[PDB]
Amino acid sequence: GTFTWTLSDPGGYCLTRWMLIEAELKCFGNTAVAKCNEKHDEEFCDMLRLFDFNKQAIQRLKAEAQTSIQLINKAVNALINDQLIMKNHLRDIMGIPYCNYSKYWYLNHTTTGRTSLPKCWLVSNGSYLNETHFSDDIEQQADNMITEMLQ
Amino acid sequence: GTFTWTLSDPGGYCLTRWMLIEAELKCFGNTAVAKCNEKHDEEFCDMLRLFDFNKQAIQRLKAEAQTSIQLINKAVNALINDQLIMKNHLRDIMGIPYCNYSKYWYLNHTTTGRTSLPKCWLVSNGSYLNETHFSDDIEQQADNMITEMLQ
Amino acid sequence: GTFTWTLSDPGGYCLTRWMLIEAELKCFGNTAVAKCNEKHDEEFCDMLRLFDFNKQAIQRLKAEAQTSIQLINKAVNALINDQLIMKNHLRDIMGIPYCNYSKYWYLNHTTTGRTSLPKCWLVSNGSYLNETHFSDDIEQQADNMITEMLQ
Amino acid sequence: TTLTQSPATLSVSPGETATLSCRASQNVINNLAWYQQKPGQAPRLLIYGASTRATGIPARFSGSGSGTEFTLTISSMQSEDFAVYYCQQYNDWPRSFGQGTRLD
Amino acid sequence: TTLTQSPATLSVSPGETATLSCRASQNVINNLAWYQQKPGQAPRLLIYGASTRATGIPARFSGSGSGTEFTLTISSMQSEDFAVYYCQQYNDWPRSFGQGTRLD
Amino acid sequence: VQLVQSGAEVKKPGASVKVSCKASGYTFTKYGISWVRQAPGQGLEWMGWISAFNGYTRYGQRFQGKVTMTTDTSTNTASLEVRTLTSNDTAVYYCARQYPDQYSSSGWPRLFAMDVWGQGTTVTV
Amino acid sequence: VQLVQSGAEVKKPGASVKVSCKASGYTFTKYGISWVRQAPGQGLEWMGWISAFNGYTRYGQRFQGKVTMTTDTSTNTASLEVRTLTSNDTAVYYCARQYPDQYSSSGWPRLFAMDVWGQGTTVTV
Amino acid sequence: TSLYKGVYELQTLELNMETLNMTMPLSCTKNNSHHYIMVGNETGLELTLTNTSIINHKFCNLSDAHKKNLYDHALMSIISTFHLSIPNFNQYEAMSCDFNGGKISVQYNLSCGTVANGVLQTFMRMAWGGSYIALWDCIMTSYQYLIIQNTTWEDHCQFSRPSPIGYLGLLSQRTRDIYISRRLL
Amino acid sequence: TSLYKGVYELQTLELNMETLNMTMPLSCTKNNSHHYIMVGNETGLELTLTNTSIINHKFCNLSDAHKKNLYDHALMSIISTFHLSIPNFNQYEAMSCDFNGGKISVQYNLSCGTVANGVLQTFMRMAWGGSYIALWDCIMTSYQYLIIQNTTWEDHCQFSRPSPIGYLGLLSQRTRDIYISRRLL
Amino acid sequence: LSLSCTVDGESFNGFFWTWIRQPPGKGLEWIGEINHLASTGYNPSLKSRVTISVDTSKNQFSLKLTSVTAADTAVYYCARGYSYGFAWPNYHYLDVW
Ligand SMILES: *[C@@H]1O[C@H](CO)[C@@H](O[C@@H]2O[C@H](CO)[C@@H](O[C@@H]3O[C@H](CO[C@H]4O[C@H](CO)[C@@H](O)[C@H](O)[C@@H]4O)[C@@H](O)[C@H](O[C@H]4O[C@H](CO)[C@@H](O)[C@H](O)[C@@H]4O[C@H]4O[C@H](CO)[C@@H](O)[C@H](O)[C@@H]4O)[C@@H]3O)[C@H](O)[C@H]2NC(C)=O)[C@H](O)[C@H]1NC(C)=O
Ligand SMILES: *[C@@H]1O[C@H](CO)[C@@H](O[C@@H]2O[C@H](CO)[C@@H](O[C@@H]3O[C@H](CO[C@H]4O[C@H](CO)[C@@H](O)[C@H](O)[C@@H]4O)[C@@H](O)[C@H](O[C@H]4O[C@H](CO)[C@@H](O)[C@H](O)[C@@H]4O[C@H]4O[C@H](CO)[C@@H](O)[C@H](O)[C@@H]4O)[C@@H]3O)[C@H](O)[C@H]2NC(C)=O)[C@H](O)[C@H]1NC(C)=O
Ligand SMILES: *[C@@H]1O[C@H](CO)[C@@H](O[C@@H]2O[C@H](CO)[C@@H](O[C@@H]3O[C@H](CO[C@H]4O[C@H](CO)[C@@H](O)[C@H](O)[C@@H]4O)[C@@H](O)[C@H](O[C@H]4O[C@H](CO)[C@@H](O)[C@H](O)[C@@H]4O[C@H]4O[C@H](CO)[C@@H](O)[C@H](O)[C@@H]4O)[C@@H]3O)[C@H](O)[C@H]2NC(C)=O)[C@H](O)[C@H]1NC(C)=O
Ligand SMILES: *[C@@H]1O[C@H](CO[C@@H]2O[C@@H](C)[C@@H](O)[C@@H](O)[C@@H]2O)[C@@H](O[C@@H]2O[C@H](CO)[C@@H](O[C@@H]3O[C@H](CO[C@H]4O[C@H](CO)[C@@H](O)[C@H](O)[C@@H]4O)[C@@H](O)[C@H](O[C@H]4O[C@H](CO)[C@@H](O)[C@H](O)[C@@H]4O)[C@@H]3O)[C@H](O)[C@H]2NC(C)=O)[C@H](O)[C@H]1NC(C)=O
Ligand SMILES: *[C@@H]1O[C@H](CO[C@@H]2O[C@@H](C)[C@@H](O)[C@@H](O)[C@@H]2O)[C@@H](O[C@@H]2O[C@H](CO)[C@@H](O[C@@H]3O[C@H](CO)[C@@H](O)[C@H](O[C@H]4O[C@H](CO)[C@@H](O)[C@H](O)[C@@H]4O)[C@@H]3O)[C@H](O)[C@H]2NC(C)=O)[C@H](O)[C@H]1NC(C)=O
Ligand SMILES: *[C@@H]1O[C@H](CO[C@@H]2O[C@@H](C)[C@@H](O)[C@@H](O)[C@@H]2O)[C@@H](O[C@@H]2O[C@H](CO)[C@@H](O[C@@H]3O[C@H](CO)[C@@H](O)[C@H](O)[C@@H]3O)[C@H](O)[C@H]2NC(C)=O)[C@H](O)[C@H]1NC(C)=O
Ligand SMILES: *[C@@H]1O[C@H](CO[C@@H]2O[C@@H](C)[C@@H](O)[C@@H](O)[C@@H]2O)[C@@H](O[C@@H]2O[C@H](CO)[C@@H](O[C@@H]3O[C@H](CO)[C@@H](O)[C@H](O)[C@@H]3O)[C@H](O)[C@H]2NC(C)=O)[C@H](O)[C@H]1NC(C)=O
Ligand SMILES: *[C@@H]1O[C@H](CO[C@@H]2O[C@@H](C)[C@@H](O)[C@@H](O)[C@@H]2O)[C@@H](O[C@@H]2O[C@H](CO)[C@@H](O[C@@H]3O[C@H](CO)[C@@H](O)[C@H](O)[C@@H]3O)[C@H](O)[C@H]2NC(C)=O)[C@H](O)[C@H]1NC(C)=O
Ligand SMILES: *[C@@H]1O[C@H](CO)[C@@H](O[C@@H]2O[C@H](CO)[C@@H](O[C@@H]3O[C@H](CO)[C@@H](O)[C@H](O)[C@@H]3O)[C@H](O)[C@H]2NC(C)=O)[C@H](O)[C@H]1NC(C)=O
Ligand SMILES: *[C@@H]1O[C@H](CO)[C@@H](O[C@@H]2O[C@H](CO)[C@@H](O[C@@H]3O[C@H](CO)[C@@H](O)[C@H](O)[C@@H]3O)[C@H](O)[C@H]2NC(C)=O)[C@H](O)[C@H]1NC(C)=O
Ligand SMILES: *[C@@H]1O[C@H](CO)[C@@H](O[C@@H]2O[C@H](CO)[C@@H](O)[C@H](O)[C@H]2NC(C)=O)[C@H](O)[C@H]1NC(C)=O
Ligand SMILES: *[C@@H]1O[C@H](CO)[C@@H](O[C@@H]2O[C@H](CO)[C@@H](O)[C@H](O)[C@H]2NC(C)=O)[C@H](O)[C@H]1NC(C)=O
């Protein structure tokens, strides 16, 4: 099956200061969050679904003995895609830069303020790849949202 | 593992009087049916695939002792998305209206006869929700229908 | 889950002489390969992913004792859709032409040279179906691709 | 598959309904055809599918049934409804007709 | 990785083909480069990748091989083909060069 | 839409017989031709079906070799011929229009019957 | 597209050598510069690679600290500076254009070689 | 009969799950205590929550039952799916079985983070739709025993319509929360 | 050669599965009785359907086989996947095995809804694409024994081309239809 | 009666190695059968006092019959036979003696 969890709340998603390290609250618009409901291979979307599920479970369900392993084992497949982390594992095996789901990068429109869907930062030698070695990728990202700006 | 069952038949699907209680033949057009082959989070599409599979199994195959649990066990994941009912179970746990798979609602055009894809009727406290409490969702469905009619 | 393997490399995919029997190299453009990253019910996309995984594993990994069942067991779900072969098995059970993933057919533009995404050939009575018994499918594919190229 | 028509003779006066039965050797899901042949004329397709009438066919003729058992009913048999009725399955090759029935 | 050129000298007359071999310490998938250096000029790129030819390079120069063994073949030998040919891997850092073979 | 079966004729038994049905009023390529035999006083008997688009033949179990059926798209005709006439070969032959059966990967088989028939051709030995 | 490496310098051992090449004919920011040293009578040796875009440097194992690389986008120049000279430091220095290796999440690594070269600078001590 | 946007009318339909027999088991609830899962129009399993037990011995003759192939294979498959889906089951002494003569009779002792919690989770995942009456989760109930027996088909459930969702749900999470009892499996 | 709408030409291609022989097992059929599952370009398993058995005892002894790590791990994994995929298996005496000396020899003794049906269904899914010549489902065959043994690689795929589809198919359905034999698994 | 029958011949795997005794004046009688594995088959009349073993390394099979008696005097043959069970006309023939 596929994930079925839907992100809570105009139409965007805002990560609070607790979900990030050394950062304040950060909001993403509807045009970027809406891609999280159709893409099957977005790492940031899976992690954001995990954070949303954690927040809702804390807010609504009671906390006692912190033995919530049953809850996460029950609904692990409704939040993330296991084949994504499997693909990252294979890429790590083959000596190729991979993603451990820690750091992400995105493009800001300086004046408008609209942003793109964050993509995770690749890692090699246990160190982050530097912006030149995936600069082309960034270029592509810009072009994509430029097309999104056309309509 | 995404489902792969395709609905039989211009281009729509017709629920016969046997699949419905206290109702006659019902039919849905090509536009509504085409959404069932692309989206992974529709309960009506899952149940409609289940009904189609039951009909095809009855027609194509024989009958003996009615112990056909093996057939459904082999093809349970080719028809429905288990994470959908898992998400409904989570919503039920958190004290929130969930998707009891009994009742559905849809919007009918008064004159054209065009019909939106049915959405399941939410239940809470073991009683059906009343449309004064999800009128916003109906308005959103009407807006989407108008937008689709524009194109 | 859902497959996450992305096909290698402008943007198309070329099958070498080794991957085909009694045939030379064959290239498919980006407009057809792009469908393989979104659709869930295409035989040729899963087979292309399998071939690409085999090639990358051969190139970027060593070989010893031929005990590579571990790798394919780990990475089977990230390349193919099990419910697709489940659907093929079900169609075989019900006495309906099915596909064993051996032969494929596609449409070529004589002048432009653009090709459609190949659809796998159908077998009934353990024999390949003649062209006359699925001609309507060929016409539908041609109509869809002419509509795509019109826009 | 071989299909048989049990009655094979319906001597009924005009005015009342008539019923013909078709039974097939194996399963033929809603893939049956009923043809009408006037004396000396070529057969014409009356019913295709289980319960679907051909174009230009009056609503007097009605098909029903499925699987192995099928029925064809004529409600108000007129003067031109006296003909030989044939049953043909097309669920699998080769196509097989029935022995026919003489409705007078 | 350290890669070496086994022949290191071919006193070949013009007219017939010449073959040069390169062997890598570890696996280098189709990430090799063949350069030509005439005596007194900077090296120029002949082959990049497995066998792809650089722009403006005549078809006589042809690369082949993948993994560890690589081969460069010159079909027709002209006067200016006599130079020093170098083999480089770029599958990882730092880049490594061969000892070179003098064509005379 | 009608199909004409080139009248009728009789001949001495032991020789070959040839009968052709010419279609009109519709695209001859889309629909194939089925052949039905009716003995005098007996029920209809099926012989074969040929698809005009590439001329693909499916024959009856007991009619292979004895019966040969071909199509000609240039003049939009379907021809049938029998090698060895016999006493039981005296019958009436009918040319019927049948759409080829359709199968698809995403869908279910759509089978067809003989919609339009033609006036028969009688053969007596 | 060519590169010019500013003549040939001769200096006494122990001094610092500052050799620069200016690239004209292409966008200097896209491609980095790789430095290669060829000793007299020996083969080529790789010194380092500096990406002009944000000036990201990768040095050789043995040349770390001994030699530095800098870039100037305003003048479209790339320079190499050697701190101390020695009798075995006499050689010919080449700078070659090289596209940075590209990695992506949905894709495979694309590695590049040295496309074009500039005429060498002979440094003798 | 309100009109939405002046052109759209709201209409509803209800699905008849009872025609899904012969291919899928159908589960529904009669009242607080009795619940049923039916296979075909012939057989079914009745699940009851009781303070009265029917089995006193702490035996489960599973190997012997398998040796004498007398039970219904469909019902045995259903009970196997139910038992395997229990999360963190470690008290084997709390489950008693009786299979003599081909019948099947299972009794779960419910007398948190205990066996009763997991048994109730699996139960209300099976009989999903009407089992919410007897309610992170940490489920606790006043009942002491859960009894599963076999029964003939009857118009039993009147609190909730039949539905194959519960069985199709516990089908996925079958061997997912089982503890290890031996080094080699 | 037909030209669709006068501008498009229909073309076909055929894949070569044999090039996947370092990564995936390849299954094919020789005739009605002989089928093969090749691993690598050295190893394979031979599947046969016979009136004639080769094991006369009832000893499928596995702890000793695991203790003496002499078998091929790939072949052992394949046969474990085959055995686990059998639905509703409860007659343990119908399976006999011989693993002495590092070889593996398995015999399923097939003499509705019985052990033969499940074994034949698993075999049909394993040898998919060429097993239909040895045919709800209720699969019944005239053969009495199914025998799995060792083979070295040889050109055996003369009725159906090699294909990794069957093995990749029974990977998903591995422990989905197994009966419970113990309270604490 | 510790009687071994060592044979080199063709391959040792895939054949049934049987023993047949003929008392003087009477017909033949099959008394045992061995496969290349440890599987065995015996004559029910004298199964309780016969035992046949096989050694694959030396390519031989040996019969042993306890409680020797003059009533058991006969002529003994060791034979190779092959059984075919893949098609319809299933057939078993004692190939060589
Ligand atoms: C995905 O892959 C990336 C790629 O590597 C990986 O990034 C690495 O993450 C680790 C984990 O955070 C980073 O390690 C940290 O490094 C900082 C900086 O270290 C520098 O400074 C120290 C002196 O402070 C030097 O000794 C050192 O050599 C470096 O120069 C450390 O400060 C971190 O340690 C502190 O935090 C830990 C968190 O628990 C503590 O356990 C630890 O004791 C340290 O805390 C101490 O100092 C605190 C501040 O003074 C104080 O508050 C505490 O009480 C305590 O006294 C940590 O080691 C590493 O640098 C990253 N690598 C790069 C290249 O950036 C991701 O982690 C990875 N993600 C996942 C999910 O796998
Ligand atoms: C999906 O479903 C389809 C339809 O069912 C299925 O197609 C069938 O595939 C099989 C694949 O094996 C085809 O079988 C082949 O048929 C050819 C043609 O046979 C003709 O020629 C022989 C004489 O050689 C005549 O006896 C015969 O009557 C025919 O006229 C055979 O030649 C093939 O056998 C050869 O190749 C095998 C490969 O292993 C060898 O094992 C075998 O010994 C034969 O070798 C010969 O040729 C070699 C060179 O190729 C040579 O080196 C040898 O020395 C020897 O001379 C093979 O039996 C079958 O025809 C297809 N059916 C149709 C209708 O086309 C797909 O396979 C299936 N896909 C799946 C399951 O994945
Ligand atoms: C989604 O969520 C909804 C609501 O939460 C839930 O729907 C409810 O389903 C139950 C079960 O079907 C419904 O209960 C039925 O109610 C009717 C009507 O209620 C009154 O009926 C009469 C007045 O007409 C009163 O006397 C009575 O006391 C009730 O107040 C009942 O008639 C139903 O009982 C009959 O049907 C049962 C099942 O067939 C029989 O077991 C029972 O014996 C009754 O049958 C008798 O009468 C029949 C004719 O009426 C006759 O044909 C029979 O032969 C027999 O004589 C039943 O109790 C309830 O109303 C629904 N709605 C609500 C708001 O609760 C869904 O079940 C849920 N979805 C899923 C999948 O769980
Ligand atoms: C799908 O069905 C198509 C229809 O085939 C018919 O039905 C089948 C069941 C057979 O009975 C077949 O004989 C029927 O024709 C099928 O297309 C047909 O395939 C056959 C054999 O593959 C072709 O026959 C060969 O034709 C060539 C010449 O072809 C040209 O000319 C014809 C006539 O002008 C044109 O129609 C074509 O388009 C071409 O332009 C012959 O040279 C060849 O002769 C060889 O064989 C004979 C006899 O053994 C030898 O004596 C010779 O020396 C040669 O070695 C064949 O006769 C037929 O042309 C073709 N028709 C069409 C319209 O395409 C198609 O192959 C099926 N698809 C499958 C199976 O995938
Ligand atoms: C494997 O074994 C089965 C059965 O084995 C037997 O039964 C088991 C329960 C067990 O006890 C075994 O120890 C025991 O040996 C074989 O099954 C046979 O299946 C065939 C089907 O063809 C039957 O043969 C047919 O029987 C018809 C009458 O019943 C007869 O008319 C048929 O004749 C046809 O063929 C002849 C010769 O060509 C032709 O001249 C005729 O005109 C006609 O067409 C035909 O003989 C057997 O009786 C079955 N055996 C039984 C029931 O014991 C199976 O064949 C065997 N082999 C394989 C490969 O599975
Ligand atoms: C949530 O639901 C409970 C119980 O709901 C009951 O069961 C469901 C399956 C539906 O069928 C409901 O229709 C049904 O009420 C509610 O508690 C119950 O509320 C009703 C009124 O809504 C009470 O009925 C009253 O009874 C008194 C006599 O005692 C009469 O005088 C009143 O006129 C009225 O009929 C009922 O007593 C009460 N308790 C029970 C056990 O049914 C509950 O209100 C509802 N909402 C919330 C927030 O919990
Ligand atoms: C990938 O492989 C190694 C690994 O890099 C090292 O290990 C990682 C886990 C991280 O901790 C890295 O920060 C770390 O460098 C790379 O080799 C490494 O090169 C650096 C060069 O700066 C070495 O640092 C030097 O060490 C010497 C001796 O201690 C000092 O004198 C220098 O001042 C400097 O600090 C580092 O030691 C070395 N790693 C090891 C294990 O020796 C390698 O370069 C890298 N590959 C690529 C292409 O970048
Ligand atoms: C699978 O493995 C067993 C071996 O394990 C057997 O069962 C265990 C529970 C223990 O009780 C072990 O002690 C026991 O050996 C094979 O069964 C055994 O085969 C040997 C063959 O050498 C038998 O030994 C004989 O024992 C008698 C006395 O009883 C002696 O006179 C003989 O000389 C000979 O040593 C042993 O009895 C037998 N065990 C049983 C319970 O029958 C089993 O054959 C094997 N299967 C395969 C296919 O290899
Ligand atoms: C189990 O589900 C099946 C459907 O899969 C139910 O069978 C259906 O039962 C109804 C009511 O008896 C049948 O309706 C009848 O239709 C005929 C026309 O075919 C009509 O003339 C009758 O008056 C009646 O309305 C329906 O045909 C039948 N369907 C099939 C495929 O047999 C069955 O009732 C269910 N069983 C239980 C216990 O719920
Ligand atoms: C298992 O698969 C591998 C490939 O996936 C098969 O090996 C392949 O065999 C072909 C020859 O049949 C090799 O082609 C060779 O190419 C070189 C290129 O220079 C050419 O010089 C040779 O003359 C030959 O054409 C191919 O490289 C090779 N692939 C490898 C080794 O990775 C192998 O045959 C398959 N096993 C079986 C049992 O079929
Ligand atoms: C539970 O199942 C058992 C086993 O099928 C039933 O017991 C058998 O029922 C059949 C049907 O009436 C009888 O023919 C057998 O004689 C019974 N066997 C025994 C040993 O009793 C039992 O009736 C079922 N329980 C219920 C309540 O129906
Ligand atoms: C089945 O497997 C066994 C064990 O791997 C094979 O026996 C070994 O085969 C290798 C390779 O030829 C030899 O080196 C060993 O000496 C064999 N060991 C024994 C005890 O015989 C066996 O050959 C395989 N089966 C077949 C039919 O090949």
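Every residue number used here counts from 1 along the chain in the order it is shown.
This entry, so its header tells us, was determined using electron microscopy, 2.8 Å.
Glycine is no exception: its Cβ is also placed from the backbone N, Cα and C atoms.
In Swiss-Prot this protein carries:
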CARBOHYD  I:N21  N-linked glycosylation site
DISULFID  I:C28-I:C157  disulfide bond
CARBOHYD  I:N31  N-linked glycosylation site
CARBOHYD  I:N41  N-linked glycosylation site
CARBOHYD  I:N51  N-linked glycosylation site
DISULFID  I:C60-I:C97  disulfide bond
CARBOHYD  I:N61  N-linked glycosylation site
CARBOHYD  I:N109  N-linked glycosylation site
DISULFID  I:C112-I:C138  disulfide bond
CARBOHYD  I:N150  N-linked glycosylation site
Candidates from I:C28, I:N51, I:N109, I:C112, I:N150 close to chain J, where recorded positions are judged by Cβ under 8 Å: I:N51
Under 8 Å by Cβ from I:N41 (N-linked glycosylation site), same chain, sequence gap 6 or more: I:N21, I:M22, I:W153
Chain B neighbours, filtered from recorded positions I:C28, I:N51, I:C97, I:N109, I:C112, I:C138, Cβ-Cβ distance under 8 Å: I:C112, I:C138
Which of I:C28, I:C60, I:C97, I:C138, all disulfide-bonded residues, has a Cβ with the fewest other Cβ atoms inside 10 Å: I:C138
Assigned conformation of I:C157 (disulfide bond) - DSSP reduced to three states: coil
Candidates I:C112, I:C157: member of the disulfide-bonded residues with the richest Cβ shell (10 Å): I:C157
Residues near I:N109 (N-linked glycosylation site) in space but at least six apart in sequence (CB under 8 A): I:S53, I:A94, I:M95, I:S96, I:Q144, I:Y145
C-alpha spacing of I:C157 (disulfide bond) relative to I:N61 (N-linked glycosylation site), in angstrom: 32
For I:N41 (N-linked glycosylation site), the three-state class that DSSP assigns: coil
Disulfide-bonded residues near ligand 5 among I:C97, I:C112, I:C138 (Cβ under 6 Å): none
Proximity to chain A among recorded positions I:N51, I:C60, I:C112, where any Cβ pair is under 8 Å: none
Rounded distance in angstrom between the Cα atoms of I:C112 (disulfide bond) and I:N51 (N-linked glycosylation site): 20
Helix, strand or coil at I:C28 (disulfide bond) [DSSP, three-state]: strand
Rounded to the nearest Å - Cα separation of I:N150 (N-linked glycosylation site) and I:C28 (disulfide bond): 15
Recorded positions whose CB lies under 6 angstroms from ligand 12, from I:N41, I:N150, I:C157: I:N150
For the glycosylation sites I:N21, I:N51, I:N61, I:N150, the one whose C-beta sees the most other C-beta atoms within 10 angstroms: I:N21
